[PDB]
>>> print(open('protein.pdb').read())   # PDB, C-alpha atoms
MODEL        1
ATOM      1  CA  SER A   1      -5.470 -21.858   2.373  1.00  0.00           C
ATOM      2  CA  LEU A   2      -2.821 -21.050   4.979  1.00  0.00           C
ATOM      3  CA  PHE A   3      -0.491 -22.973   2.631  1.00  0.00           C
ATOM      4  CA  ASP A   4      -1.245 -21.035  -0.549  1.00  0.00           C
ATOM      5  CA  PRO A   5       2.181 -20.680  -2.253  1.00  0.00           C
ATOM      6  CA  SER A   6       1.413 -17.139  -3.348  1.00  0.00           C
ATOM      7  CA  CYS A   7       1.211 -15.902   0.262  1.00  0.00           C
ATOM      8  CA  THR A   8       1.227 -18.280   3.216  1.00  0.00           C
ATOM      9  CA  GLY A   9      -0.320 -17.768   6.622  1.00  0.00           C
ATOM     10  CA  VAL A  10      -2.896 -15.152   5.658  1.00  0.00           C
ATOM     11  CA  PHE A  11      -5.428 -14.594   8.439  1.00  0.00           C
ATOM     12  CA  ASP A  12      -6.578 -11.148   7.245  1.00  0.00           C
ATOM     13  CA  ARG A  13      -8.274 -11.876   3.925  1.00  0.00           C
ATOM     14  CA  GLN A  14      -9.849  -8.393   3.989  1.00  0.00           C
ATOM     15  CA  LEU A  15      -6.457  -6.716   3.555  1.00  0.00           C
ATOM     16  CA  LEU A  16      -5.438  -9.295   0.951  1.00  0.00           C
ATOM     17  CA  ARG A  17      -8.450  -8.212  -1.108  1.00  0.00           C
ATOM     18  CA  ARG A  18      -7.736  -4.488  -0.620  1.00  0.00           C
ATOM     19  CA  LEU A  19      -4.202  -5.050  -1.878  1.00  0.00           C
ATOM     20  CA  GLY A  20      -5.568  -6.949  -4.865  1.00  0.00           C
ATOM     21  CA  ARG A  21      -7.450  -3.798  -5.836  1.00  0.00           C
ATOM     22  CA  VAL A  22      -4.099  -2.100  -6.502  1.00  0.00           C
ATOM     23  CA  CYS A  23      -3.469  -4.724  -9.177  1.00  0.00           C
ATOM     24  CA  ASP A  24      -7.000  -4.505 -10.570  1.00  0.00           C
ATOM     25  CA  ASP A  25      -6.801  -0.701 -10.763  1.00  0.00           C
ATOM     26  CA  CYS A  26      -3.396  -0.820 -12.467  1.00  0.00           C
ATOM     27  CA  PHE A  27      -4.501  -2.217 -15.847  1.00  0.00           C
ATOM     28  CA  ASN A  28      -7.102  -4.520 -17.360  1.00  0.00           C
ATOM     29  CA  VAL A  29      -6.067  -7.717 -15.545  1.00  0.00           C
ATOM     30  CA  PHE A  30      -7.885  -9.922 -18.062  1.00  0.00           C
ATOM     31  CA  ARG A  31      -5.908  -8.482 -20.994  1.00  0.00           C
ATOM     32  CA  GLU A  32      -2.614  -8.952 -19.165  1.00  0.00           C
ATOM     33  CA  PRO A  33      -3.371 -11.986 -16.973  1.00  0.00           C
ATOM     34  CA  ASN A  34       0.230 -13.096 -16.438  1.00  0.00           C
ATOM     35  CA  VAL A  35       1.152  -9.596 -15.256  1.00  0.00           C
ATOM     36  CA  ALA A  36      -1.955  -9.623 -13.023  1.00  0.00           C
ATOM     37  CA  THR A  37      -0.859 -12.926 -11.540  1.00  0.00           C
ATOM     38  CA  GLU A  38       2.687 -11.704 -10.906  1.00  0.00           C
ATOM     39  CA  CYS A  39       1.159  -8.633  -9.248  1.00  0.00           C
ATOM     40  CA  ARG A  40      -0.246 -10.956  -6.544  1.00  0.00           C
ATOM     41  CA  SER A  41       2.938 -12.965  -6.067  1.00  0.00           C
ATOM     42  CA  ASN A  42       4.891 -13.257  -2.813  1.00  0.00           C
ATOM     43  CA  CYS A  43       2.304 -11.489  -0.618  1.00  0.00           C
ATOM     44  CA  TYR A  44       2.400  -8.608  -3.149  1.00  0.00           C
ATOM     45  CA  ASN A  45       6.144  -8.173  -2.477  1.00  0.00           C
ATOM     46  CA  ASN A  46       7.164  -7.999  -6.117  1.00  0.00           C
ATOM     47  CA  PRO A  47       8.180  -5.384  -8.703  1.00  0.00           C
ATOM     48  CA  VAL A  48       4.839  -5.353 -10.548  1.00  0.00           C
ATOM     49  CA  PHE A  49       2.867  -4.516  -7.407  1.00  0.00           C
ATOM     50  CA  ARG A  50       5.405  -1.874  -6.415  1.00  0.00           C
ATOM     51  CA  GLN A  51       5.253  -0.233  -9.848  1.00  0.00           C
ATOM     52  CA  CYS A  52       1.460  -0.432  -9.893  1.00  0.00           C
ATOM     53  CA  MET A  53       1.301   1.215  -6.454  1.00  0.00           C
ATOM     54  CA  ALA A  54       3.490   4.006  -7.895  1.00  0.00           C
ATOM     55  CA  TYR A  55       0.801   4.680 -10.538  1.00  0.00           C
ATOM     56  CA  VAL A  56      -2.403   3.850  -8.661  1.00  0.00           C
ATOM     57  CA  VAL A  57      -1.707   5.620  -5.351  1.00  0.00           C
ATOM     58  CA  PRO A  58      -0.894   9.064  -6.870  1.00  0.00           C
ATOM     59  CA  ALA A  59      -3.847   8.725  -9.260  1.00  0.00           C
ATOM     60  CA  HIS A  60      -6.110   8.034  -6.262  1.00  0.00           C
ATOM     61  CA  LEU A  61      -4.540  10.783  -4.126  1.00  0.00           C
ATOM     62  CA  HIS A  62      -5.198  13.249  -6.962  1.00  0.00           C
ATOM     63  CA  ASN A  63      -8.877  12.162  -7.174  1.00  0.00           C
ATOM     64  CA  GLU A  64     -11.366  13.685  -4.746  1.00  0.00           C
ATOM     65  CA  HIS A  65     -13.551  10.555  -4.769  1.00  0.00           C
ATOM     66  CA  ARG A  66     -13.031   8.191  -1.849  1.00  0.00           C
ATOM     67  CA  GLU A  67     -11.648   4.638  -1.811  1.00  0.00           C
TER      68      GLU A  67
ATOM     69  CA  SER B   1      -2.117  22.587   0.762  1.00  0.00           C
ATOM     70  CA  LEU B   2      -2.197  21.617  -2.901  1.00  0.00           C
ATOM     71  CA  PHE B   3       1.368  22.941  -3.097  1.00  0.00           C
ATOM     72  CA  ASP B   4       2.826  20.842  -0.272  1.00  0.00           C
ATOM     73  CA  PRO B   5       6.307  19.842  -1.576  1.00  0.00           C
ATOM     74  CA  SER B   6       6.022  16.423   0.054  1.00  0.00           C
ATOM     75  CA  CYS B   7       3.072  15.578  -2.233  1.00  0.00           C
ATOM     76  CA  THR B   8       1.313  18.143  -4.427  1.00  0.00           C
ATOM     77  CA  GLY B   9      -2.207  17.973  -5.746  1.00  0.00           C
ATOM     78  CA  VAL B  10      -3.696  15.838  -2.964  1.00  0.00           C
ATOM     79  CA  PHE B  11      -7.500  15.890  -2.923  1.00  0.00           C
ATOM     80  CA  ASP B  12      -8.036  12.556  -1.124  1.00  0.00           C
ATOM     81  CA  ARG B  13      -6.753  13.324   2.366  1.00  0.00           C
ATOM     82  CA  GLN B  14      -8.190  10.153   3.879  1.00  0.00           C
ATOM     83  CA  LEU B  15      -6.031   8.007   1.579  1.00  0.00           C
ATOM     84  CA  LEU B  16      -2.980  10.121   2.480  1.00  0.00           C
ATOM     85  CA  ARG B  17      -3.766   9.397   6.147  1.00  0.00           C
ATOM     86  CA  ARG B  18      -4.066   5.628   5.564  1.00  0.00           C
ATOM     87  CA  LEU B  19      -0.666   5.490   3.866  1.00  0.00           C
ATOM     88  CA  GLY B  20       0.745   7.428   6.812  1.00  0.00           C
ATOM     89  CA  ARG B  21      -0.312   4.574   9.091  1.00  0.00           C
ATOM     90  CA  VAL B  22       2.120   2.279   7.220  1.00  0.00           C
ATOM     91  CA  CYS B  23       4.914   4.559   8.422  1.00  0.00           C
ATOM     92  CA  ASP B  24       3.487   4.848  11.944  1.00  0.00           C
ATOM     93  CA  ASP B  25       3.150   1.042  12.210  1.00  0.00           C
ATOM     94  CA  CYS B  26       6.696   0.437  10.985  1.00  0.00           C
ATOM     95  CA  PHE B  27       8.602   1.826  13.994  1.00  0.00           C
ATOM     96  CA  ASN B  28       8.274   4.419  16.748  1.00  0.00           C
ATOM     97  CA  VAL B  29       8.197   7.543  14.541  1.00  0.00           C
ATOM     98  CA  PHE B  30       9.048   9.844  17.445  1.00  0.00           C
ATOM     99  CA  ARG B  31      12.294   7.988  18.096  1.00  0.00           C
ATOM    100  CA  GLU B  32      13.365   7.982  14.425  1.00  0.00           C
ATOM    101  CA  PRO B  33      11.722  11.226  13.329  1.00  0.00           C
ATOM    102  CA  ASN B  34      13.958  11.789  10.302  1.00  0.00           C
ATOM    103  CA  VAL B  35      13.175   8.294   9.014  1.00  0.00           C
ATOM    104  CA  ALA B  36       9.488   8.920   9.771  1.00  0.00           C
ATOM    105  CA  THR B  37       9.615  12.101   7.727  1.00  0.00           C
ATOM    106  CA  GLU B  38      11.403  10.394   4.822  1.00  0.00           C
ATOM    107  CA  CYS B  39       8.719   7.703   4.891  1.00  0.00           C
ATOM    108  CA  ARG B  40       6.137  10.346   3.877  1.00  0.00           C
ATOM    109  CA  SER B  41       8.282  12.048   1.222  1.00  0.00           C
ATOM    110  CA  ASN B  42       7.360  12.113  -2.476  1.00  0.00           C
ATOM    111  CA  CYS B  43       3.756  10.910  -2.096  1.00  0.00           C
ATOM    112  CA  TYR B  44       5.167   7.876  -0.211  1.00  0.00           C
ATOM    113  CA  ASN B  45       7.221   6.904  -3.288  1.00  0.00           C
ATOM    114  CA  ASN B  46      10.509   6.353  -1.480  1.00  0.00           C
ATOM    115  CA  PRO B  47      12.639   3.451  -0.188  1.00  0.00           C
ATOM    116  CA  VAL B  48      11.627   3.833   3.465  1.00  0.00           C
ATOM    117  CA  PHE B  49       7.908   3.529   2.727  1.00  0.00           C
ATOM    118  CA  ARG B  50       8.538   0.592   0.386  1.00  0.00           C
ATOM    119  CA  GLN B  51      10.631  -1.307   2.925  1.00  0.00           C
ATOM    120  CA  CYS B  52       8.115  -0.451   5.663  1.00  0.00           C
ATOM    121  CA  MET B  53       5.410  -1.835   3.313  1.00  0.00           C
ATOM    122  CA  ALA B  54       7.345  -5.073   3.183  1.00  0.00           C
ATOM    123  CA  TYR B  55       7.352  -5.419   6.992  1.00  0.00           C
ATOM    124  CA  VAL B  56       3.933  -3.954   7.842  1.00  0.00           C
ATOM    125  CA  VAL B  57       1.753  -5.620   5.202  1.00  0.00           C
ATOM    126  CA  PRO B  58       2.903  -9.213   5.947  1.00  0.00           C
ATOM    127  CA  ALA B  59       2.560  -8.516   9.669  1.00  0.00           C
ATOM    128  CA  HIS B  60      -1.016  -7.364   9.163  1.00  0.00           C
ATOM    129  CA  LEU B  61      -1.826 -10.229   6.756  1.00  0.00           C
ATOM    130  CA  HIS B  62      -0.724 -12.767   9.366  1.00  0.00           C
ATOM    131  CA  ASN B  63      -2.885 -11.140  12.097  1.00  0.00           C
ATOM    132  CA  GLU B  64      -6.639 -11.788  12.261  1.00  0.00           C
ATOM    133  CA  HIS B  65      -7.154  -8.241  13.594  1.00  0.00           C
ATOM    134  CA  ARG B  66      -8.771  -6.216  10.818  1.00  0.00           C
ATOM    135  CA  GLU B  67      -7.775  -2.659   9.958  1.00  0.00           C
ATOM    136  CA  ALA B  68     -11.129  -0.995   9.235  1.00  0.00           C
TER     137      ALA B  68
ENDMDL
END
>>> encode(input="protein.pdb", output="structure tokens")
Amino acid sequence: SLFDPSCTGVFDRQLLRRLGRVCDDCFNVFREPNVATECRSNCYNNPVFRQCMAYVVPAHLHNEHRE
Amino acid sequence: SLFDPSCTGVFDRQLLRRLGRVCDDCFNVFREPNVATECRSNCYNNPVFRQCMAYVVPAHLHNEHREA
């Protein structure tokens, strides 16, 4: 929904899903579901997503396998 | 190089390029070249990249135009 409180006005659901993969790659989201939910909050503008990106991006940059 | 001080040990160049587009989409990098360079520093773990994230990602989320 364009009125989803977590991030309003999303017309590019492809990018929303890509960003979600940062959260999913950060930890087992089912074992820490409240953290996983916070990771999605505010269009991903939140401290959990930023910290996850700090772990996941360098791990992926260091790995020869592609996205 | 693997020993690039800006980010060592990079084997996934294509991901490094994609992150660079966040910086390029954030402002005219040629007109603020020192800010553009800081944006890339430390494997993109820096305040300029993070603030650019916060402008560029919402802009792209609100625009139907896909990135791939």
>>> resolve_selection(input="protein.pdb", expression="the ChimeraX specification (/A :<8) & /B", output="PDB file with C-alpha atoms, in the coordinates of the input")
ATOM      1  CA  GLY B   9      -2.207  17.973  -5.746  1.00  0.00           C
ATOM      2  CA  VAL B  10      -3.696  15.838  -2.964  1.00  0.00           C
ATOM      3  CA  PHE B  11      -7.500  15.890  -2.923  1.00  0.00           C
ATOM      4  CA  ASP B  12      -8.036  12.556  -1.124  1.00  0.00           C
ATOM      5  CA  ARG B  13      -6.753  13.324   2.366  1.00  0.00           C
ATOM      6  CA  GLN B  14      -8.190  10.153   3.879  1.00  0.00           C
ATOM      7  CA  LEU B  15      -6.031   8.007   1.579  1.00  0.00           C
ATOM      8  CA  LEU B  16      -2.980  10.121   2.480  1.00  0.00           C
ATOM      9  CA  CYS B  43       3.756  10.910  -2.096  1.00  0.00           C
ATOM     10  CA  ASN B  45       7.221   6.904  -3.288  1.00  0.00           C
ATOM     11  CA  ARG B  50       8.538   0.592   0.386  1.00  0.00           C
ATOM     12  CA  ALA B  54       7.345  -5.073   3.183  1.00  0.00           C
ATOM     13  CA  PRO B  58       2.903  -9.213   5.947  1.00  0.00           C
ATOM     14  CA  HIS B  60      -1.016  -7.364   9.163  1.00  0.00           C
ATOM     15  CA  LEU B  61      -1.826 -10.229   6.756  1.00  0.00           C
ATOM     16  CA  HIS B  62      -0.724 -12.767   9.366  1.00  0.00           C
ATOM     17  CA  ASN B  63      -2.885 -11.140  12.097  1.00  0.00           C
ATOM     18  CA  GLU B  64      -6.639 -11.788  12.261  1.00  0.00           C
ATOM     19  CA  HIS B  65      -7.154  -8.241  13.594  1.00  0.00           C
ATOM     20  CA  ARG B  66      -8.771  -6.216  10.818  1.00  0.00           C
ATOM     21  CA  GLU B  67      -7.775  -2.659   9.958  1.00  0.00           C
TER      22      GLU B  67
END
>>> atom_distance(input="protein.pdb", atom1="atom CA of residue A:23", atom2="atom CA of residue A:40")
7.5 Å
>>> resolve_selection(input="protein.pdb", expression="the PyMOL selection byres ((chain B and resi 35) around 12)", output="mmCIF file with C-alpha atoms, in the coordinates of the input")
data_model
loop_
_atom_site.group_PDB
_atom_site.id
_atom_site.type_symbol
_atom_site.label_atom_id
_atom_site.label_comp_id
_atom_site.auth_asym_id
_atom_site.auth_seq_id
_atom_site.Cartn_x
_atom_site.Cartn_y
_atom_site.Cartn_z
ATOM 1 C CA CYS B 23 4.914 4.559 8.422
ATOM 2 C CA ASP B 24 3.487 4.848 11.944
ATOM 3 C CA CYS B 26 6.696 0.437 10.985
ATOM 4 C CA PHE B 27 8.602 1.826 13.994
ATOM 5 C CA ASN B 28 8.274 4.419 16.748
ATOM 6 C CA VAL B 29 8.197 7.543 14.541
ATOM 7 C CA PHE B 30 9.048 9.844 17.445
ATOM 8 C CA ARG B 31 12.294 7.988 18.096
ATOM 9 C CA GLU B 32 13.365 7.982 14.425
ATOM 10 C CA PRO B 33 11.722 11.226 13.329
ATOM 11 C CA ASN B 34 13.958 11.789 10.302
ATOM 12 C CA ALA B 36 9.488 8.920 9.771
ATOM 13 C CA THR B 37 9.615 12.101 7.727
ATOM 14 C CA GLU B 38 11.403 10.394 4.822
ATOM 15 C CA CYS B 39 8.719 7.703 4.891
ATOM 16 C CA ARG B 40 6.137 10.346 3.877
ATOM 17 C CA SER B 41 8.282 12.048 1.222
ATOM 18 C CA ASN B 46 10.509 6.353 -1.480
ATOM 19 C CA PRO B 47 12.639 3.451 -0.188
ATOM 20 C CA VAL B 48 11.627 3.833 3.465
ATOM 21 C CA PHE B 49 7.908 3.529 2.727
ATOM 22 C CA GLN B 51 10.631 -1.307 2.925
ATOM 23 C CA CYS B 52 8.115 -0.451 5.663
#
>>> atom_distance(input="protein.pdb", atom1="atom CA of residue B:5", atom2="atom CA of residue A:47")
26.3 Å
>>> atom_distance(input="protein.pdb", atom1="atom CA of residue B:17", atom2="atom CA of residue A:26")
21.2 Å
